[PDB]
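Chains as they are written, first to last, in the authors' numbering: chain A, 471 to 485, 524 to 1023; chain B, 473 to 497, 526 to 1023.
Below: the structure, in structure tokens.
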Amino acid sequence: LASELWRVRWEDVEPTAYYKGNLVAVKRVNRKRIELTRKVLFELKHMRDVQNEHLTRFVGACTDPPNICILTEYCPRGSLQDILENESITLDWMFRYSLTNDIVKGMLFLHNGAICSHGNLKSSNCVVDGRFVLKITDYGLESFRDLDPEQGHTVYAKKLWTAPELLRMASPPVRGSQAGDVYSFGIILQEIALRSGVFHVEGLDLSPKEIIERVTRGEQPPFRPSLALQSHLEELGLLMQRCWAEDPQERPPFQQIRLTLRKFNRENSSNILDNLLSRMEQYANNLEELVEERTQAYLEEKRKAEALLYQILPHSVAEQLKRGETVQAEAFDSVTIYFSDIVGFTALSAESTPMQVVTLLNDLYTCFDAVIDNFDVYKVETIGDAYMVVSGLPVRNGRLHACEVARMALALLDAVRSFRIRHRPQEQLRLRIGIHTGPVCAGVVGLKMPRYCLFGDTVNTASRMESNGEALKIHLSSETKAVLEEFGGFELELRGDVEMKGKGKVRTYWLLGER
Amino acid sequence: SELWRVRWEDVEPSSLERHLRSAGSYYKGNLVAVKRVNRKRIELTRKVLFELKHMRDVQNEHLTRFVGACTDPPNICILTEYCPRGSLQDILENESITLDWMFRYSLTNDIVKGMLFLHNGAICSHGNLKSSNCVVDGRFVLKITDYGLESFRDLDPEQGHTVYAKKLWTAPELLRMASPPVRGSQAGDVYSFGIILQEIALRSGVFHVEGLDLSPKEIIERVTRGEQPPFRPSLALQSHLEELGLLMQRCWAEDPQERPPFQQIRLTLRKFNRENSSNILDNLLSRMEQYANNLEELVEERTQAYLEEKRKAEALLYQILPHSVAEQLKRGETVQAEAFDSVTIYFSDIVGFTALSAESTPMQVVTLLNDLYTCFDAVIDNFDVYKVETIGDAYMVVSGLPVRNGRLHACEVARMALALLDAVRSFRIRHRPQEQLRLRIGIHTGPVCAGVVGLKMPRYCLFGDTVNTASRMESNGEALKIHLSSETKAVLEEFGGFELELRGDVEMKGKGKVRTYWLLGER
Ligand SMILES: Nc1ncnc2c1ncn2[C@@H]1O[C@H](COP(=O)(O)OP(=O)(O)OP(=O)(O)O)[C@@H](O)[C@H]1O
Ligand SMILES: Nc1ncnc2c1ncn2[C@@H]1O[C@H](COP(=O)(O)OP(=O)(O)OP(=O)(O)O)[C@@H](O)[C@H]1O
């Protein structure tokens, strides 16, 4: 009695955190009148002088102005609350019976021990050890009740977890009752069977205060959280319902519950640690399976991000730079450049609302992208109305580069003559189209966002030719006309070497169609 | 009959496949091993009967068990019990899985006990013991693979290079000797166990040379040839492994005389490796729990990495659009077309760029644009302005477009016209270091109207006469000089603090001759 070996007096505690080397967990208490009491001393001595395989152990207590708390061995894994809820990780049926048997074995010694059951043995105040040896906090020692009766409805519900029979709008003893322990065990079993929060029945929905008041008032039919049945067994549910019966006599005793649990677990009939070892091994396997799933998801996400990162590349450098390769600058001997511009667009957009002028430039992108993708061309840049077509830039096509860039304008000049402008349905848009061929030089440019620029003297000549071009006609240069005549099958027309800008007299031809 | 002839017809397929490397990237009783043989015939003599009897009588907690032999002459099978979670070599393969020193020592003592039990029996040595032929079980009960079935073996001369690659675990004495013992001697098994212990002690690969790192064939040939110092690896760099080194030095013994009596070696290890040891079987549970905790830590870190990658992909999805518009589009709301009373438009162009790039190598022309992009993208982030498009060597920047800023937009697109006209003079050209890149700048103010156009690839586009006016104004500028407009000039004069200078009444392709001014500096 005079040993005083239960108190550390806050003198030597490691700065829950560790304490005297051991990493115990401490729960605080809100009280100031706890000085000394012989009965409380005997209760604390009884609480310290107990140990069991399924029961936890008390470590230390502090009752000084610096700290009013009790510290016990810290459970490494999570509490039973989170695990039983599940949907994070799964569990086996034999695992369920192992946990239930451990809880029952602990409760049998707890209730029939130094004193009656602590009463506050909620399903959210018990956890498992490192080797999954279920323990419970579940002792108050007549001093853990930090006085605060005026908390509110949340405390009302978390109490309403308690047995219905004791909770009858009256003050129960702080120690508790055997019926409270029986109902706590029944509630824990129901939570394990249903795996959904605490005290959930089929129903539709239940507020904490509403359900608590309905239970306390007393319905003519017995208010019981009826759990959904299953094909494996139903005697466990019947025992759970009988334990929760309003009549205390109908509630079976701890010995009866233990006998029923043994009968249910008689299928296993294993009493050695081997069951625990197997359960731990299968739990580890389940964890590994979850790990595999999540790493697969991470790989998929990384792949998606990589695919997103290179949307502007011309589908060739994109597949090369992705596969750890490197792309150097290149110069191509002959490429075809095509320009498309809206003629007189600076006036149509003048007399139009911004909402009436943003649905037109967006309705022409969806009309040209359906035809600019059929052929083997590429759109390098697009700023407003002007376009950009380069043929053969990614992979050389030889002499074909001058054939696909000329059939694209003929299929786009007729596809724009039936385009409906919602701002004015009785009007036809005018577009100028120019084509040129010549050597070019290109390469991958950009670090934050990879673009693809074409750098050559032919671009300026093509721009000059396209600028000086009549509407509703395709203007081609002599270099393109050479390849056109070499291939054949298209009707080109001589226009005249008179109208030329930036040079002297240069012959440019008109594209009229291909048979 | 030996009651160990499993029929090919009875149960050939069961539990098709699950990837054994379940880490970072069967017949009516349990899962069984899937192997075969190229003999294509059965000629079991009395020796094969004795081997089958020895296999049937051999029942130990460590050594694996075999269901039976095959029946069909074409397809052979050795239905051995499959111990899960891969092999010890596989266990050390993934560096993500972390061996615990005590845990590794317990594993080594377990394999030592298995080796002693195997040696004491009729089979003097397995003859094929290796790091990859020792798999842990569901409770990490170690076994030895191919430690039996003396009737058949892969003794057919074939794949000499693959022999030098996959039979590297053999002892130097066995390798030097032309005739190899299929049922090897105890000394060879001891040397194989020593090599396995050396591999387990370190974290690197086989033979852990950290030297020339030559091919396995060359190393094996050198070891077979030998010298005064035998070709052999060191132990480790740990200063607290003196006993491990002392045991391993006797383990690399070259002659059978120096070969230790492996039972005595295991006793010495229990003296040294078993530091206070543990209980009969609690150690297994503790070491399994430690491994489970390790896996939990690994998966938590992996989930954190996945969340970071998801955030990165979300950022990468929308970046061309303005930050405010991108947030308003990712939230769920729809951006509508808006008209603004007064905005600032800025044009920048390299003067004579078509001539400097004419006489240049393609690499020397692609290394001059990327460097300029990295030289302007750092000074444009120190102001309050937006970039909407960048086509080649021309820049176009808007001010105040995303969020209305009142009379501040005209006071922000001009302050950046002075920090960019003084940061383009210290630029460096790779292929000509004695030249300065001339730039042309134009600024204008006007009532633009902009929207978020585009499907599946949206971009922010501004429309109105302001763009055309700005282009016309900037098409008649001068290099190394900032040219302003009357609309911007009024706001600049109203704000104060900028020393403007009159320019003249140069005509333009438009309304005609209008007032113009230069921006000299900011007081
Ligand atoms: N394995 C464990 N060992 C010791 N303490 C633990 C363990 N797991 C959780 N705890 C702690 O036990 C406490 C459980 O809740 P707490 O005792 O504070 O609530 P309570 O007021 O008794 O109410 P209720 O049981 O209704 O939730 C928490 O402080 C939690 O951190
Ligand atoms: N129980 C088992 N545990 C681990 N690996 C096994 C097992 N049974 C068969 N294997 C196979 O053995 C491989 C590793 O050993 P190894 O490559 O040496 O082949 P082996 O079939 O065991 O025999 P051998 O030494 O003749 O090649 C594994 O990749 C797997 O395919």
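Each residue gets a CB set at the ideal place from its N, CA and C atoms; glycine is no exception.
- With a cutoff of 8 Å on beta-carbon distance, B:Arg683 and B:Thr724 are scored as not near each other.
- Taking 9 Å as the Cβ-Cβ cut-off, the stretch 862-881 of chain A approaches chain B at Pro862, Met863, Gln864, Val865, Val866, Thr867, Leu869, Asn870, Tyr873, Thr874 and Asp877, given in chain order.
- Selection B:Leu492, B:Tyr526, B:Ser857 and B:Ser494 evaluated against B:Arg479 yields B:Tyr526 as nearest (Cα-Cα).
- For B:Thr844, DSSP records a beta bridge to B:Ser899 and B:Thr945.
- Here A:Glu561 carries a coil assignment [DSSP, helix/strand/coil].
- The beta carbon of A:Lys810 falls within 8 Å of a beta carbon belonging to chain B, placing the residue at that interface.
- Residues of chain B with a Cβ closer than 7 Å to the Cβ of A:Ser778 do not exist; the shortest Cβ-Cβ separation is about 15 Å.
- Assignment of alpha helix (DSSP H) within the stretch 540-597 of chain A, counting only whole runs of 4 or more residues, yields 546-556 and 588-593 in chain order.
- In this structure, the CA atom of B:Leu781 is about 11 Å from the CA atom of A:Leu785.
- For B:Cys875, the three-state secondary structure derived from DSSP is helix.
- The bridge partners DSSP lists for A:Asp849 are A:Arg940.
- Within the stretch 781-862 of chain A, the complete alpha helix (DSSP H) runs of at least 4 residues fall at 782-817, 825-830 and 853-856.
- Note on geometry: alpha-carbon atoms of B:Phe963 and B:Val991 lie some 22 Å from one another.
- CA-CA distance, B:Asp1005 to B:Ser986, rounds to 11 Å.
- Rounded to whole angstroms, the Cβ separation of A:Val690 and A:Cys751 is 5 Å, and the two are in contact under 8 Å.
- Around the beta carbon of A:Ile542, fewer than 16 other beta carbons lie within 10 angstroms, which makes this residue exposed.
- Contact note: A:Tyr806 reaches chain B through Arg802, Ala805, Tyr806 and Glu809, using a C-beta cutoff of 7 Å and chain order.
- For A:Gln764, none of the residues of chain B pass the 9 Å Cβ criterion, the least Cβ distance being about 33 Å.
- Excluding its 5 nearest sequence neighbours in each direction, B:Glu673 has C-beta neighbours in its own chain below 8 Å: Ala687, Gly688, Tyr691, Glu754, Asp755 and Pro756, listed in chain order.
- At a cut-off of 8 Å between C-beta atoms, A:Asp849 does not count as an interface residue with respect to chain B.
- For the 8 Å CB-CB criterion, B:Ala917 and B:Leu1019 form a contact.
- Against chain A, the beta carbon of B:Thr854 has neighbours under 8 Å at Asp965 and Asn968, listed in chain order.
- Between B:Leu955 and A:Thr844 a beta carbon distance of about 27 Å is seen, past the 8 Å cut, so the two are scored as non-contacting.
- With respect to A:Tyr806, B:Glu809 sits close: the two C-beta atoms are nearer than 8 Å.
- By the Cβ neighbour-count rule, A:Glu551 is buried, with 16 or more other Cβ atoms within 10 Å of its own.
- The closest CA to that of A:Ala979, considering only A:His931, A:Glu1022, A:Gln728 and A:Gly852, is found on A:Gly852.
- Comparing alpha carbon positions, the residue from B:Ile591, B:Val612, B:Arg938 and B:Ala950 closest to B:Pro761 is B:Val612.
- At least 8 Å separates the beta-carbon of B:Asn794 from that of B:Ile591.
- Contact annotation for A:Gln836 against chain B: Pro862, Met863 and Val866 [CB-CB distance below 9 Å, chain order].
- Within chain B, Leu869 and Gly892 have C-beta atoms less than 8 Å from the C-beta of A:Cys961, given in sequence order.
- With contacts defined by Cβ atoms closer than 8 Å, A:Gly1010 and A:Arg972 form a contacting pair.
- Per DSSP, the beta bridge partners of A:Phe998 are A:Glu1022.
- Sequence-distant Cβ neighbours of A:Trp476 in its own chain, meaning closer than 7 Å and more than five residues away, are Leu552, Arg556 and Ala569.
- The alpha-carbon separation between B:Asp877 and B:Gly745 amounts to approximately 59 Å.
- When secondary structure is reduced to three states using DSSP, B:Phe693 falls in the helix class.
- When 7 Å is used as the limit between beta carbons, B:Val953 is near these residues of chain A: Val866, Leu869 and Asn870, in chain order.
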